[PDB]
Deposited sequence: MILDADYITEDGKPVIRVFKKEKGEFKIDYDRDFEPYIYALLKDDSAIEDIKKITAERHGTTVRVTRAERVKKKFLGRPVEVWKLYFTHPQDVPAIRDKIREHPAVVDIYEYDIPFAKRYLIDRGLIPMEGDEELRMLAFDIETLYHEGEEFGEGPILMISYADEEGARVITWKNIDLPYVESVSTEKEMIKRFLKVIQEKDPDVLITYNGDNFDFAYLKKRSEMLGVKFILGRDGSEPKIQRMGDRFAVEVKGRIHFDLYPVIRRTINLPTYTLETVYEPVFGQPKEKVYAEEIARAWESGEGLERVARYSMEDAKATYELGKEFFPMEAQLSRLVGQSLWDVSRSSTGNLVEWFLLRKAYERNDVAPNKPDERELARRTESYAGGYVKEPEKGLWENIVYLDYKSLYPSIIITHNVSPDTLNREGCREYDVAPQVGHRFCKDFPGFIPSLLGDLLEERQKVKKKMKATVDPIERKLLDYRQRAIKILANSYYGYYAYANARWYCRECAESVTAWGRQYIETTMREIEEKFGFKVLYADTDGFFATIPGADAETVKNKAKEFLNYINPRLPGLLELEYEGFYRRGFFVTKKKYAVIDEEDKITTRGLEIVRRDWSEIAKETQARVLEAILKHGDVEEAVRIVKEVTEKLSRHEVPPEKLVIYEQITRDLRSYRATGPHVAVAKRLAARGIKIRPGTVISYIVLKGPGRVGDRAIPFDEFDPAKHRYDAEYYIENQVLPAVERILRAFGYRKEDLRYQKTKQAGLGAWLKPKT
């Protein structure tokens, strides 16, 4: 199994290194014979003898064109000739290319910014992560003493923990009694201990959380002074700290540094992500955080410390198992796309599509377009972008659309190379946007999308016919990845930095989308007696007013296999679900309840950061009276009861606690217990009645006596409780005033 590729240089020449892991042992294939190159379109062949003499310099030495050969290719569905120019070292390219294209006989130059090792993987047709191999993985984390007045680097490494299928321990230079900790002389001897560990297990994959921006940039700095050589690469080098966007990323030769942060900030959507945050949504339960306890352990020798140890092995374990959760999808994405997991786990879907197109382009001898320069990219930033029935309804079906966009792309053959072509004998016309797409031949993108979809279907048959749990799981992920990629083409067409950019294609796919949803919703109403209540870009909610639940489910099935044989191409409507009751507020706000009594809402619940218990309980009760019981007036009543108790200081002070000027206040009775507070802390308080603004006197929930402190009743009624139900009831005709 190919893990990755890079290159080094001897006496001015590149040498490719492919890191493999096959049948138990690590291997390194070297290749001294690959050559860098680019392309050029010349106004007349006679100019090459001029171009072969252009020159530049690097490291004080002269750089030239090695060889030049005339070649036949395809550019946007039009045959054409170009010259392939070779060189000696890949870095020669960045230093001589500009000159070559500012020559008069040059229309343009192509494929001059494809990194050498990826160029190699694509041209030699090698595909990383392809086998059936078992890779040893292992995570690790460090803990450093907070030195208030920072100077990033200053302050030893208190702890460092790792995690493997074989347990999970912690190593330290202090004394601590626990069946899983380790104590040694100094931090230096700690760091040497750490290195000796990895050297022993020799992991193929190292897992971390934000390891690209903290953990490696620390173990390093505080090692240049402890006088130790932080060696981890199977080649004996130190981790290579590179630069991606405006932040950084770290690489470890021979291995694979998997940083969860990027993936998670893309696979799971949350308001504020955090190791303990993201750990709960993945599979069940909590962990603990926000310490200033490091300060306590620093001042006392005894303990507090023995608790902080737990924190560590926990970061370490919570890390090893989340990584074990997102590795499969990222590995299949790598195999599907043709690039390493290091790069794939750190890129956007837009880039995944690009890397996929460049490979196919080479495969089919299609020359690639260039990325946008400052101005082109400047233009490409001018963006592109009915009402729901009102009231309470019942016996509702939701009809889903299967692959809407990629479906339209294939059916109408929408591609940059088929756009408004001259002399086209057969073509389709884009709805309101009159663009003509030629059908005299298959379009570049369309063909590839078509091949992808039927591929997914062959994997599904295989997944439904295999009986082994391990193969079934593998085929399942491979199957989902084709889906993620396929549903990314539409967005790609409108991606400013995209090589195969096409605004006429995007607007068109969007226009056809509305025509199809329009005609489908018209059929079901005029020929089957339904009434559409809400519509999305894809599916829609509908029902037959005053009919039995089974009468609606069955009538909807009759509709499906009546409209599909009538729909062109691969598009289909698919039964999705049934709901007993629901109401739709605006273009993206609604609430529904399934038969099992489960309630779902979109854009209605608390998006706050300062929510409280009593505010969350009341909104839930309002939604239950309406959806589970179909009683609007009962909801309205429930909201008055609550504001009444809360106005008569009767509400149990427990449900009033909140997490994260009022803050400036909490920082006082806290800075009293000698507890300092900076940006990453725990702020749990309760609002009280005070001599100033209605929401500025609060104190830690600790300091609370049912006879020394009362609670600011109006803060809860106005800032919190009402704005948690106002929008829902505003849809049934009520206002703020009918709630107090």
(request) Compare the deposited sequence with the modelled residues and state the ranges that are missing C-alpha positions. (result) 386-389, 665-676, 757-773
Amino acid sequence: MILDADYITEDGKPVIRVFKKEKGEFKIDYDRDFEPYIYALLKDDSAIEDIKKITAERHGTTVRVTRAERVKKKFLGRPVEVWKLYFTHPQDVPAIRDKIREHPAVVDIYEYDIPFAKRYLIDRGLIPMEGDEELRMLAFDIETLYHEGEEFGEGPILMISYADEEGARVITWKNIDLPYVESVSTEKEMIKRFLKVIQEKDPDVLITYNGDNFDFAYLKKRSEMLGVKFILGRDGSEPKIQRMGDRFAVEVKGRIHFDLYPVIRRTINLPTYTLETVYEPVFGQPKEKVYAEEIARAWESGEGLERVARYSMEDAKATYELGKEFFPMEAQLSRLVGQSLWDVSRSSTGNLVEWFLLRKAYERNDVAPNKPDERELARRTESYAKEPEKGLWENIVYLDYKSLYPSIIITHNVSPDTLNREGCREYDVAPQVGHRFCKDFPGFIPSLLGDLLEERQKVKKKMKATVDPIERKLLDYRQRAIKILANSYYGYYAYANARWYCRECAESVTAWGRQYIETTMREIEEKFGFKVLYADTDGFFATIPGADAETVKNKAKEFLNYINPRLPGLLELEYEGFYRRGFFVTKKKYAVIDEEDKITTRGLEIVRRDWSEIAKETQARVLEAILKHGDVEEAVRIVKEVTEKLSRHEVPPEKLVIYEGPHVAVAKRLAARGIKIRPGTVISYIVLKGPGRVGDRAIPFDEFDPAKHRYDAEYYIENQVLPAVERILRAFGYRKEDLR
From here on, numbers count along this sequence of modelled residues.
(request) Give the stretch, out of 285-293 and 496-504, with the larger mean C-alpha temperature factor in the deposited entry. (result) 285-293
(request) Would you mind comparing 475-483 and 179-187 for me and telling me which has the higher average C-alpha temperature factor in the entry? (result) 179-187
(message) Take the CA temperature factors straight from the PDB entry and tell me which of 654, 572, 366, 617 peaks.
(response) 654
(message) Between 533, 591, 171, 336, which one tops the list for Cα B-factor in this entry?
(response) 171
(message) Quick check for you: using the entry's CA B-factors within this chain, is residue 674 in the lowest, middle or highest third?
(response) highest
(message) Is residue 32 in the lowest, middle or highest third of its chain when residues are ranked by C-alpha B-factor?
(response) lowest
(request) Taking the values exactly as deposited, rank residue 114 by C-alpha B-factor within its chain and report the matching third: lowest, middle or highest. (result) lowest
(request) Ordered by C-alpha B-factor within the chain, which third holds residue 554? Give me lowest, middle or highest, please. (result) middle
(message) Per the entry's values, where does residue 456 land by CA temperature factor relative to the rest of its chain, in the lowest, middle or highest third?
(response) lowest
